[PDB]
Amino acid sequence: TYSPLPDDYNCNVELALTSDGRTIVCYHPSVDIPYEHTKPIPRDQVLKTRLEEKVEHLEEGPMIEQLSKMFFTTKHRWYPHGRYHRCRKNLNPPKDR
Amino acid sequence: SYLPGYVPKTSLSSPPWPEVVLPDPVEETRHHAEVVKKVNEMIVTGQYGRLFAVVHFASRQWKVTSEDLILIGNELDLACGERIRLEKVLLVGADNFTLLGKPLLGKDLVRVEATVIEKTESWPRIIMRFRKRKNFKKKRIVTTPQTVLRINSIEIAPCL
Amino acid sequence: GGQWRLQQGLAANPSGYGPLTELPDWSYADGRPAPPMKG
Amino acid sequence: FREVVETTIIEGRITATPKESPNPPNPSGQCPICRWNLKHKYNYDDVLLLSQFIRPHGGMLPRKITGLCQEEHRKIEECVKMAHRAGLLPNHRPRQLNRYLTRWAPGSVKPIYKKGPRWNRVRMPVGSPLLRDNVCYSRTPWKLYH
Amino acid sequence: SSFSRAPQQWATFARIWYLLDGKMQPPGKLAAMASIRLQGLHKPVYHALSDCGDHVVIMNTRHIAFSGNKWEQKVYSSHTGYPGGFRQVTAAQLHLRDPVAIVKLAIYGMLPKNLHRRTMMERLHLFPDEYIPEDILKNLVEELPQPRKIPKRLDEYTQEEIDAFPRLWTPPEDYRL
Amino acid sequence: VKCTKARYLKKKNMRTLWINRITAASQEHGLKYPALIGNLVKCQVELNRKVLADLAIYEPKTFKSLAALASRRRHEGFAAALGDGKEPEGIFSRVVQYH
Amino acid sequence: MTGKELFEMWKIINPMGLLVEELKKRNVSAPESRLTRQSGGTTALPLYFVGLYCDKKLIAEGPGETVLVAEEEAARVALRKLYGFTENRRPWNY
Amino acid sequence: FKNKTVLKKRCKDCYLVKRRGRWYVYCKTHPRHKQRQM
Amino acid sequence: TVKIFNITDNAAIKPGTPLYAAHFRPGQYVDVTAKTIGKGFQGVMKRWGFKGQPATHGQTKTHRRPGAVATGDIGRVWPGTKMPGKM
Ligand SMILES: [Mg+2]
Ligand SMILES: [Mg+2]
Ligand SMILES: [Mg+2]
Ligand SMILES: [Zn+2]
Ligand SMILES: [Zn+2]
């Protein structure tokens, strides 16, 4: 009836001590999300259905505040950078795993 | 009948934290025996894969796994490509279970096997001292020795 | 936990005269003991 | 209790009153708080105890009638003032900014236009020095000044 | 987890839209927990260069509560830099002018003073009442618990706890009350 | 000169980062950082802050097991403090002695 | 072969089709996709955790920026789990 | 009112009241005794 | 030119409608907004009505110039300082 932590989000943590008392055994099986707790997946007569390719060219300003409103940032991220920094950038960075 | 020491329920008559009762020792030791045993037959059957360990080595603690690489900051008096056993295993575990030493696990319980694969030196390190208006300027270059070990295997044995 | 370690008698720094700092770091794979460490 | 009607005719009559709860845990006490073992274990939130100790119109009852000692009486008085300012007594009214732990009267304090230096800072009083001696249940004491 | 690399990175570094409520909560405690969530200091993968902030949607900002007399004592000072731009307004005046300015300024003060503060402020969303836009409501995950406990006024006590609390004193029968 | 003094600052900043990450993960488990560290020390598990943050980031089930161990050790310490007598010391409060 | 993923080494086109073929060939009911977890949704940076179930029992879960790619990642996770090419599988013995 | 740091009664009809966070001596028969604490 | 007039909801008129001078009446009071006559870059004397400096009595090349623009302790000029510009 006692649990050190709530047992319903990550794993079913059960603690134990060995008979000698020299080591601690932890058993942690994963908790699976219930089906009841889930949610189902959300779902011209005469001419072509012509593809709707309009690309309005917004000027630099209203373009930048549209991007800022879309990505919840400021304008400074979208303003450009000079040749000094652009050539200072490493275009072949090291890559681990 | 109110007990001599009863306090009426106010906002701070009782401690804010909930009352916690610990399990009785005998049933808890029996539960420990059940958990330790069942984890031991999981080890016996082999219901695990890709073990990890936390190993004390060269005054550092490394979280290593199999097929791993570590860089030790000193020479190790070993030839290249040489198999050794890391023993001071603070922690070993896998999916669904882990084992904790107090502070070290048993050598009959866990082994770590490593391979000396490189004996190199670090890139040159600058040690520079400067104090102004006193003509104080000193420069030194060091190259600390280094040893690259590859952790080959982590193996556990039924001893719980 | 230096005060607790002092109360149990296990120094204050866990790198002081423990098995964790005094047992050998490694040994050969076949079982030969390592040469003793400098520290 | 007793009450007076006006109709002219004025007349006082006696209505039913509640008595002591049967056995106090500390019968040797001399104030009700000491009798019921509540000396440092109440705050401004305990509107049951405060509404027991107040008038129907939010006023305080006298010490000689409540049976309290002086220190407990002043603590109850300050708790009742803070609860009245916090709005925890909606029925004991006389005749929007949300508050709690309000020590002074809201209409009698002046704004701190000039906070001092950090060695002589003018702080904002919170709570009551009468309730400074309450049981803490924590390892930092009550901060009475903000 | 056996995820592919790009979905695993996306899952690890994705953003969460936490919900937070005003309604008799202290603005400082609201600001503290909101600033932790906006910095991303609640994540074990936190780093200042990792851009691991999360969105915080605070509602009922008009119904905040101040401890003590801070509604009159606390003064917010600004300066329009023309000679005579020094304006000092009490917390009450600032709240009656702008209902979200107090919590906004508290979170802005608690956020770290670098160039990421305005981006975290952009990720913070504040609303004075129960109304929240539908897109934000569809974004919301995890209403966080309130720091204060709503000290529960006298008139909504139930009769069970009222008569469970013992009566402390016996009044005399000859008192007017 | 900045390179040398930043070796010193690098060690300090990595320790601060590990402390911040451990605080984050423990608060996700409802436990506080001093409670977690002190109770792991009392349980004689001498994992340092680097591997504790590493287990927090990559191995959440093992970190939840560690947090449960620390919380149980704290509860055992509270029980011993309130008992104040000669009750059994607790299963996880036992001290392994070396000689 | 050591450190690469199964669908990094063997490129597949329809993981959902492969998964339903395997489930019907080992006599398991067809998997149902459900939205286990969801953050964002109206923003440009959503997160969808889509879980694949059979007989109301979870067999896979996958993250994505859209529901469709989350579903395909869940299908790939299910294929990896059924094949034994999981990331936590027992490493090669040398 | 006269501004004082220590407040004194100069009449039997002088009374002290604490108003607006400040102590005041009010006298209805001798209004020259009106005093305000600083 | 197009100008925006703030009206209540009961004063709405259909768009595309003509409006004439008899919308007002005699004996009324109105407010008139316009762009003033631009004088270009002007000095302090024509822009702000400064007194300037005397002509004779020893003065060097200063007769229409501003004096001190700030004080010595302040190491800048205050925003909103009356100095020459477009009027
Ligand atoms: Mg002139
Ligand atoms: Mg000259
Ligand atoms: Mg001249
Ligand atoms: Zn008393
Ligand atoms: Zn007088």
# chains A, B, ... in the order shown; residues from 1 in each chain; ligands from 1
>>> select_by_dssp(residues="chain C", states="helix (DSSP H, G or I)", output="VMD selection string")
chain C and resid 2 to 8 19 to 22
>>> write_last_selection(atoms="N, CA and C atoms", output="PDB file, in the first residue's frame")
ATOM      1  N   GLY C   2      29.109  15.028   4.004  1.00  0.00           N
ATOM      2  CA  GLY C   2      30.340  14.854   4.757  1.00  0.00           C
ATOM      3  C   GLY C   2      30.102  14.608   6.233  1.00  0.00           C
ATOM      4  N   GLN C   3      29.131  15.313   6.818  1.00  0.00           N
ATOM      5  CA  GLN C   3      28.822  15.120   8.232  1.00  0.00           C
ATOM      6  C   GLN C   3      28.244  13.735   8.493  1.00  0.00           C
ATOM      7  N   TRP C   4      27.383  13.248   7.594  1.00  0.00           N
ATOM      8  CA  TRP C   4      26.849  11.897   7.740  1.00  0.00           C
ATOM      9  C   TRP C   4      27.949  10.852   7.598  1.00  0.00           C
ATOM     10  N   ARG C   5      28.862  11.054   6.645  1.00  0.00           N
ATOM     11  CA  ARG C   5      29.982  10.131   6.484  1.00  0.00           C
ATOM     12  C   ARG C   5      30.881  10.135   7.715  1.00  0.00           C
ATOM     13  N   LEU C   6      31.091  11.308   8.318  1.00  0.00           N
ATOM     14  CA  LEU C   6      31.867  11.386   9.554  1.00  0.00           C
ATOM     15  C   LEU C   6      31.157  10.679  10.701  1.00  0.00           C
ATOM     16  N   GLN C   7      29.826  10.790  10.759  1.00  0.00           N
ATOM     17  CA  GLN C   7      29.064  10.100  11.797  1.00  0.00           C
ATOM     18  C   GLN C   7      29.168   8.587  11.650  1.00  0.00           C
ATOM     19  N   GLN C   8      29.123   8.086  10.416  1.00  0.00           N
ATOM     20  CA  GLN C   8      29.332   6.658  10.208  1.00  0.00           C
ATOM     21  C   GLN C   8      30.802   6.259  10.246  1.00  0.00           C
ATOM     22  N   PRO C  19      37.061   1.727   0.128  1.00  0.00           N
ATOM     23  CA  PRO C  19      37.288   0.705  -0.903  1.00  0.00           C
ATOM     24  C   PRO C  19      37.167   1.274  -2.302  1.00  0.00           C
ATOM     25  N   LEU C  20      36.322   2.296  -2.471  1.00  0.00           N
ATOM     26  CA  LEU C  20      36.124   2.932  -3.768  1.00  0.00           C
ATOM     27  C   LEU C  20      37.392   3.621  -4.261  1.00  0.00           C
ATOM     28  N   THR C  21      38.208   4.153  -3.351  1.00  0.00           N
ATOM     29  CA  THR C  21      39.445   4.800  -3.772  1.00  0.00           C
ATOM     30  C   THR C  21      40.683   3.940  -3.558  1.00  0.00           C
ATOM     31  N   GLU C  22      40.575   2.831  -2.826  1.00  0.00           N
ATOM     32  CA  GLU C  22      41.754   2.038  -2.509  1.00  0.00           C
ATOM     33  C   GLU C  22      41.805   0.689  -3.213  1.00  0.00           C
TER      34      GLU C  22
END
>>> residues_near_ligand(ligand="ligand 3", cutoff="10 Å", atoms="only C-alpha atoms and all ligand atoms", output="MDAnalysis selection string")
chainID I and resid 54:63
>>> write_last_selection(atoms="N, CA, C and O atoms", output="PDB file, in the first residue's frame")
ATOM      1  N   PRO I  54      22.541  89.547 -29.193  1.00  0.00           N
ATOM      2  CA  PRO I  54      22.601  90.913 -29.726  1.00  0.00           C
ATOM      3  C   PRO I  54      23.518  91.009 -30.935  1.00  0.00           C
ATOM      4  O   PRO I  54      24.435  90.209 -31.126  1.00  0.00           O
ATOM      5  N   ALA I  55      23.239  92.008 -31.775  1.00  0.00           N
ATOM      6  CA  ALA I  55      23.963  92.150 -33.034  1.00  0.00           C
ATOM      7  C   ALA I  55      25.364  92.713 -32.814  1.00  0.00           C
ATOM      8  O   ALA I  55      26.365  92.058 -33.120  1.00  0.00           O
ATOM      9  N   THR I  56      25.451  93.926 -32.288  1.00  0.00           N
ATOM     10  CA  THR I  56      26.724  94.582 -32.027  1.00  0.00           C
ATOM     11  C   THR I  56      27.169  94.271 -30.597  1.00  0.00           C
ATOM     12  O   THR I  56      26.746  93.267 -30.017  1.00  0.00           O
ATOM     13  N   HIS I  57      28.087  95.093 -30.068  1.00  0.00           N
ATOM     14  CA  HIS I  57      28.682  94.968 -28.728  1.00  0.00           C
ATOM     15  C   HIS I  57      29.611  93.761 -28.643  1.00  0.00           C
ATOM     16  O   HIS I  57      29.584  93.004 -27.672  1.00  0.00           O
ATOM     17  N   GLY I  58      30.437  93.585 -29.669  1.00  0.00           N
ATOM     18  CA  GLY I  58      31.569  92.690 -29.604  1.00  0.00           C
ATOM     19  C   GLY I  58      31.339  91.279 -30.089  1.00  0.00           C
ATOM     20  O   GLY I  58      32.317  90.535 -30.228  1.00  0.00           O
ATOM     21  N   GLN I  59      30.092  90.903 -30.384  1.00  0.00           N
ATOM     22  CA  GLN I  59      29.750  89.511 -30.661  1.00  0.00           C
ATOM     23  C   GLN I  59      30.470  88.978 -31.894  1.00  0.00           C
ATOM     24  O   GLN I  59      30.553  89.649 -32.926  1.00  0.00           O
ATOM     25  N   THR I  60      30.982  87.752 -31.774  1.00  0.00           N
ATOM     26  CA  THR I  60      31.612  87.018 -32.864  1.00  0.00           C
ATOM     27  C   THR I  60      30.448  86.357 -33.617  1.00  0.00           C
ATOM     28  O   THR I  60      29.297  86.752 -33.410  1.00  0.00           O
ATOM     29  N   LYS I  61      30.688  85.360 -34.471  1.00  0.00           N
ATOM     30  CA  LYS I  61      29.695  84.911 -35.440  1.00  0.00           C
ATOM     31  C   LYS I  61      28.515  84.209 -34.776  1.00  0.00           C
ATOM     32  O   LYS I  61      28.300  83.012 -34.979  1.00  0.00           O
ATOM     33  N   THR I  62      27.763  84.954 -33.955  1.00  0.00           N
ATOM     34  CA  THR I  62      26.600  84.443 -33.223  1.00  0.00           C
ATOM     35  C   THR I  62      25.559  85.552 -33.191  1.00  0.00           C
ATOM     36  O   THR I  62      25.745  86.542 -32.477  1.00  0.00           O
ATOM     37  N   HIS I  63      24.476  85.394 -33.945  1.00  0.00           N
ATOM     38  CA  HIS I  63      23.326  86.281 -33.787  1.00  0.00           C
ATOM     39  C   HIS I  63      21.993  85.558 -33.805  1.00  0.00           C
ATOM     40  O   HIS I  63      20.994  86.142 -33.373  1.00  0.00           O
TER      41      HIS I  63
END
>>> residues_around(residues="residue 26 in chain C", least_positions_apart="5", cutoff="7 Å", atoms="only C-alpha atoms", output="MDAnalysis selection string")
(chainID B and resid 84:87) or (chainID C and resid 34)
>>> write_last_selection(atoms="N, CA and C atoms", output="PDB file, in the first residue's frame")
ATOM      1  N   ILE B  84      41.638  -5.951 -20.541  1.00  0.00           N
ATOM      2  CA  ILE B  84      41.649  -5.796 -19.094  1.00  0.00           C
ATOM      3  C   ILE B  84      40.217  -5.868 -18.584  1.00  0.00           C
ATOM      4  N   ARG B  85      40.087  -5.988 -17.267  1.00  0.00           N
ATOM      5  CA  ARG B  85      38.788  -6.059 -16.611  1.00  0.00           C
ATOM      6  C   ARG B  85      38.616  -4.850 -15.700  1.00  0.00           C
ATOM      7  N   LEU B  86      37.655  -4.000 -16.034  1.00  0.00           N
ATOM      8  CA  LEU B  86      37.168  -2.994 -15.105  1.00  0.00           C
ATOM      9  C   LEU B  86      36.259  -3.668 -14.082  1.00  0.00           C
ATOM     10  N   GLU B  87      36.569  -3.438 -12.805  1.00  0.00           N
ATOM     11  CA  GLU B  87      36.003  -4.132 -11.654  1.00  0.00           C
ATOM     12  C   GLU B  87      35.143  -3.243 -10.773  1.00  0.00           C
TER      13      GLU B  87
ATOM     14  N   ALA C  34      46.788  -6.255 -11.432  1.00  0.00           N
ATOM     15  CA  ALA C  34      47.515  -5.141 -12.011  1.00  0.00           C
ATOM     16  C   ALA C  34      48.669  -4.727 -11.100  1.00  0.00           C
TER      17      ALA C  34
END
>>> atom_distance(atom1="CA of residue 99 in chain D", atom2="CA of residue 120 in chain D")
26.7 Å
>>> residues_near_ligand(ligand="ligand 5", cutoff="8 Å", atoms="only C-alpha atoms and all ligand atoms", output="number ranges by chain")
H: 9-14, 26-34
>>> closest_atom_pairs(of="chain E", to="chain B", cutoff="12 Å", atoms="only C-alpha atoms", output="JSON lines")
{"residue": "E:1", "atom": "CA", "partner": "B:95", "partner_atom": "CA", "distance": 10.7}
{"residue": "E:149", "atom": "CA", "partner": "B:11", "partner_atom": "CA", "distance": 10.7}
{"residue": "E:150", "atom": "CA", "partner": "B:11", "partner_atom": "CA", "distance": 11.7}
{"residue": "E:151", "atom": "CA", "partner": "B:11", "partner_atom": "CA", "distance": 8.8}
{"residue": "E:152", "atom": "CA", "partner": "B:11", "partner_atom": "CA", "distance": 10.5}
{"residue": "E:161", "atom": "CA", "partner": "B:9", "partner_atom": "CA", "distance": 9.1}
{"residue": "E:162", "atom": "CA", "partner": "B:9", "partner_atom": "CA", "distance": 10.7}
{"residue": "E:163", "atom": "CA", "partner": "B:8", "partner_atom": "CA", "distance": 11.5}
{"residue": "E:164", "atom": "CA", "partner": "B:8", "partner_atom": "CA", "distance": 8.7}
{"residue": "E:165", "atom": "CA", "partner": "B:8", "partner_atom": "CA", "distance": 6.4}
{"residue": "E:166", "atom": "CA", "partner": "B:8", "partner_atom": "CA", "distance": 7.2}
{"residue": "E:167", "atom": "CA", "partner": "B:8", "partner_atom": "CA", "distance": 9.9}
{"residue": "E:168", "atom": "CA", "partner": "B:8", "partner_atom": "CA", "distance": 10.0}
>>> write_last_selection(atoms="N, CA, C and O atoms", output="PDB file, in the first residue's frame")
ATOM      1  N   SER E   1      13.953   3.240 -27.025  1.00  0.00           N
ATOM      2  CA  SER E   1      12.731   3.754 -27.631  1.00  0.00           C
ATOM      3  C   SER E   1      12.600   3.290 -29.077  1.00  0.00           C
ATOM      4  O   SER E   1      11.495   3.230 -29.618  1.00  0.00           O
ATOM      5  N   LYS E 149      -3.411  27.972  -2.010  1.00  0.00           N
ATOM      6  CA  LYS E 149      -4.381  26.919  -1.739  1.00  0.00           C
ATOM      7  C   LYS E 149      -5.808  27.420  -1.549  1.00  0.00           C
ATOM      8  O   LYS E 149      -6.666  26.622  -1.150  1.00  0.00           O
ATOM      9  N   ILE E 150      -6.088  28.688  -1.865  1.00  0.00           N
ATOM     10  CA  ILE E 150      -7.425  29.295  -1.811  1.00  0.00           C
ATOM     11  C   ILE E 150      -8.020  29.146  -0.411  1.00  0.00           C
ATOM     12  O   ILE E 150      -8.762  28.187  -0.147  1.00  0.00           O
ATOM     13  N   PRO E 151      -7.688  30.049   0.531  1.00  0.00           N
ATOM     14  CA  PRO E 151      -7.885  29.785   1.969  1.00  0.00           C
ATOM     15  C   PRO E 151      -9.320  29.574   2.451  1.00  0.00           C
ATOM     16  O   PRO E 151      -9.541  29.495   3.664  1.00  0.00           O
ATOM     17  N   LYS E 152     -10.286  29.500   1.525  1.00  0.00           N
ATOM     18  CA  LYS E 152     -11.596  28.900   1.770  1.00  0.00           C
ATOM     19  C   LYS E 152     -12.426  29.643   2.814  1.00  0.00           C
ATOM     20  O   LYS E 152     -12.394  29.306   4.001  1.00  0.00           O
ATOM     21  N   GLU E 161     -18.127  19.971   8.657  1.00  0.00           N
ATOM     22  CA  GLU E 161     -16.915  20.485   9.285  1.00  0.00           C
ATOM     23  C   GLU E 161     -17.222  21.609  10.271  1.00  0.00           C
ATOM     24  O   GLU E 161     -16.499  21.761  11.267  1.00  0.00           O
ATOM     25  N   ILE E 162     -18.308  22.365  10.050  1.00  0.00           N
ATOM     26  CA  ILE E 162     -18.696  23.404  11.008  1.00  0.00           C
ATOM     27  C   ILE E 162     -19.046  22.800  12.366  1.00  0.00           C
ATOM     28  O   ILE E 162     -18.569  23.271  13.405  1.00  0.00           O
ATOM     29  N   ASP E 163     -19.860  21.738  12.391  1.00  0.00           N
ATOM     30  CA  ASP E 163     -20.170  21.157  13.694  1.00  0.00           C
ATOM     31  C   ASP E 163     -19.157  20.098  14.122  1.00  0.00           C
ATOM     32  O   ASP E 163     -19.240  19.607  15.254  1.00  0.00           O
ATOM     33  N   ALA E 164     -18.207  19.740  13.254  1.00  0.00           N
ATOM     34  CA  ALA E 164     -17.067  18.949  13.698  1.00  0.00           C
ATOM     35  C   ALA E 164     -16.058  19.798  14.454  1.00  0.00           C
ATOM     36  O   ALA E 164     -15.398  19.296  15.371  1.00  0.00           O
ATOM     37  N   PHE E 165     -15.916  21.064  14.084  1.00  0.00           N
ATOM     38  CA  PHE E 165     -15.074  21.964  14.861  1.00  0.00           C
ATOM     39  C   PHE E 165     -15.747  22.270  16.194  1.00  0.00           C
ATOM     40  O   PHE E 165     -16.892  22.740  16.210  1.00  0.00           O
ATOM     41  N   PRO E 166     -15.087  22.014  17.320  1.00  0.00           N
ATOM     42  CA  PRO E 166     -15.721  22.253  18.620  1.00  0.00           C
ATOM     43  C   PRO E 166     -15.824  23.737  18.932  1.00  0.00           C
ATOM     44  O   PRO E 166     -15.058  24.558  18.422  1.00  0.00           O
ATOM     45  N   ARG E 167     -16.787  24.078  19.785  1.00  0.00           N
ATOM     46  CA  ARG E 167     -16.947  25.456  20.226  1.00  0.00           C
ATOM     47  C   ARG E 167     -16.021  25.731  21.402  1.00  0.00           C
ATOM     48  O   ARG E 167     -15.978  24.959  22.365  1.00  0.00           O
ATOM     49  N   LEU E 168     -15.283  26.835  21.315  1.00  0.00           N
ATOM     50  CA  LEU E 168     -14.195  27.128  22.238  1.00  0.00           C
ATOM     51  C   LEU E 168     -14.653  27.679  23.582  1.00  0.00           C
ATOM     52  O   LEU E 168     -14.020  27.389  24.602  1.00  0.00           O
TER      53      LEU E 168
END
>>> residues_around(residues="residue 60 in chain F", least_positions_apart="6", cutoff="10 Å", atoms="only C-alpha atoms", output="list in words")
residues 10 and 11 of chain A; 44 of chain E; 25, 54 and 66 of chain F
>>> write_last_selection(atoms="N, CA and C atoms", output="tab-separated table (two decimals), in the first residue's frame")
chain	number	residue	atom	x	y	z
A	10	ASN	N	5.84	6.56	-15.65
A	10	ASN	CA	6.99	6.04	-16.38
A	10	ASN	C	7.16	4.54	-16.21
A	11	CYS	N	7.36	4.06	-14.98
A	11	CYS	CA	7.69	2.67	-14.76
A	11	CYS	C	7.23	2.25	-13.38
E	44	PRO	N	15.48	18.02	-18.13
E	44	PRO	CA	16.84	17.51	-17.91
E	44	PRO	C	17.77	17.72	-19.09
F	25	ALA	N	15.24	17.06	-13.29
F	25	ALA	CA	14.69	15.71	-13.35
F	25	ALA	C	14.07	15.29	-12.02
F	54	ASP	N	23.53	12.26	-16.47
F	54	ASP	CA	23.53	11.37	-17.62
F	54	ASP	C	22.40	10.35	-17.53
F	66	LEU	N	16.22	5.59	-8.74
F	66	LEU	CA	17.08	6.31	-7.81
F	66	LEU	C	16.30	7.34	-7.00
>>> interface_residues(of="chain I", to="chain E", cutoff="7 Å", atoms="only C-alpha atoms", output="PyMOL selection string")
chain I and resi 78-80
>>> write_last_selection(atoms="N, CA, C and O atoms", output="short mmCIF file (atom, residue, chain, number, x, y, z; two decimals), in the first residue's frame")
data_model
loop_
_atom_site.label_atom_id
_atom_site.label_comp_id
_atom_site.auth_asym_id
_atom_site.auth_seq_id
_atom_site.Cartn_x
_atom_site.Cartn_y
_atom_site.Cartn_z
N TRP I 78 19.04 66.29 -23.67
CA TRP I 78 17.76 65.69 -23.33
C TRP I 78 16.95 65.43 -24.60
O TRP I 78 17.03 66.21 -25.56
N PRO I 79 16.19 64.34 -24.66
CA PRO I 79 15.22 64.17 -25.75
C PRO I 79 14.16 65.26 -25.71
O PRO I 79 13.73 65.69 -24.63
N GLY I 80 13.75 65.71 -26.88
CA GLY I 80 12.81 66.81 -26.97
C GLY I 80 13.41 68.19 -26.81
O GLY I 80 12.68 69.13 -26.50
#
>>> residues_near_ligand(ligand="ligand 4", cutoff="10 Å", atoms="only C-alpha atoms and all ligand atoms", output="VMD selection string")
chain D and resid 29 to 35 37 to 39 67 to 73
>>> write_last_selection(atoms="N, CA and C atoms", output="CSV table (one decimal), in the first residue's frame")
chain,number,residue,atom,x,y,z
D,29,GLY,N,-6.4,24.6,31.5
D,29,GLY,CA,-6.2,25.9,30.9
D,29,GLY,C,-7.2,27.0,31.4
D,30,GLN,N,-6.8,28.2,31.2
D,30,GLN,CA,-7.6,29.3,31.8
D,30,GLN,C,-8.2,30.3,30.7
D,31,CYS,N,-7.7,30.1,29.4
D,31,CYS,CA,-8.2,30.8,28.3
D,31,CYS,C,-8.7,29.6,27.4
D,32,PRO,N,-9.7,29.8,26.5
D,32,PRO,CA,-10.2,28.8,25.7
D,32,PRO,C,-9.2,28.2,24.8
D,33,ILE,N,-8.3,29.0,24.3
D,33,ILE,CA,-7.2,28.6,23.4
D,33,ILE,C,-6.2,27.7,24.2
D,34,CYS,N,-5.9,28.0,25.4
D,34,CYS,CA,-5.0,27.2,26.2
D,34,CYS,C,-5.8,25.9,26.6
D,35,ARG,N,-7.1,26.0,26.8
D,35,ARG,CA,-7.9,24.8,27.1
D,35,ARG,C,-7.9,23.8,26.0
D,37,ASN,N,-5.7,23.6,23.4
D,37,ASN,CA,-4.4,23.3,22.9
D,37,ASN,C,-4.2,23.9,21.5
D,38,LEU,N,-4.4,25.2,21.5
D,38,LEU,CA,-4.3,25.9,20.2
D,38,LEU,C,-3.4,27.2,20.2
D,39,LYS,N,-2.4,27.2,21.1
D,39,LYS,CA,-1.7,28.4,21.5
D,39,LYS,C,-1.0,29.1,20.3
D,67,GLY,N,-13.4,35.4,27.8
D,67,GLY,CA,-12.6,34.6,28.7
D,67,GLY,C,-11.1,34.5,28.2
D,68,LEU,N,-10.7,35.1,27.1
D,68,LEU,CA,-9.4,35.0,26.6
D,68,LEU,C,-8.4,35.7,27.5
D,69,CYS,N,-7.1,35.3,27.4
D,69,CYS,CA,-6.1,36.1,28.0
D,69,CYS,C,-5.7,37.2,27.0
D,70,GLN,N,-4.9,38.2,27.4
D,70,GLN,CA,-4.6,39.4,26.6
D,70,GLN,C,-3.9,39.1,25.3
D,71,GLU,N,-2.8,38.3,25.4
D,71,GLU,CA,-2.0,38.0,24.2
D,71,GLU,C,-2.9,37.2,23.1
D,72,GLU,N,-3.6,36.2,23.6
D,72,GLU,CA,-4.5,35.5,22.7
D,72,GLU,C,-5.6,36.4,22.1
D,73,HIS,N,-6.1,37.4,22.9
D,73,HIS,CA,-7.1,38.3,22.5
D,73,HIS,C,-6.6,39.2,21.4
>>> atom_distance(atom1="CA of residue 53 in chain G", atom2="CA of residue 72 in chain G")
13.7 Å
>>> interface_residues(of="chain D", to="chain B", cutoff="7 Å", atoms="only C-alpha atoms", output="list in words")
residues 23, 24, 25, 26, 36, 37, 38, 41, 42, 45, 46 and 137 of chain D
>>> write_last_selection(atoms="C-alpha atoms", output="CSV table (one decimal), in the first residue's frame")
chain,number,residue,atom,x,y,z
D,23,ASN,CA,-14.5,17.7,27.4
D,24,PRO,CA,-11.5,20.0,26.6
D,25,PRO,CA,-8.3,18.1,26.1
D,26,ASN,CA,-6.6,20.4,28.6
D,36,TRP,CA,-8.2,23.4,23.6
D,37,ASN,CA,-4.4,23.3,22.9
D,38,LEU,CA,-4.3,25.9,20.2
D,41,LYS,CA,-1.6,26.7,16.0
D,42,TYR,CA,-4.1,29.2,14.4
D,45,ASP,CA,-7.6,31.4,7.8
D,46,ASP,CA,-9.4,29.7,10.7
D,137,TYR,CA,6.4,23.4,10.2
>>> residues_around(residues="residue 70 in chain B", least_positions_apart="4", cutoff="7 Å", atoms="only C-alpha atoms", output="list in words")
residues 148, 149 and 150 of chain B
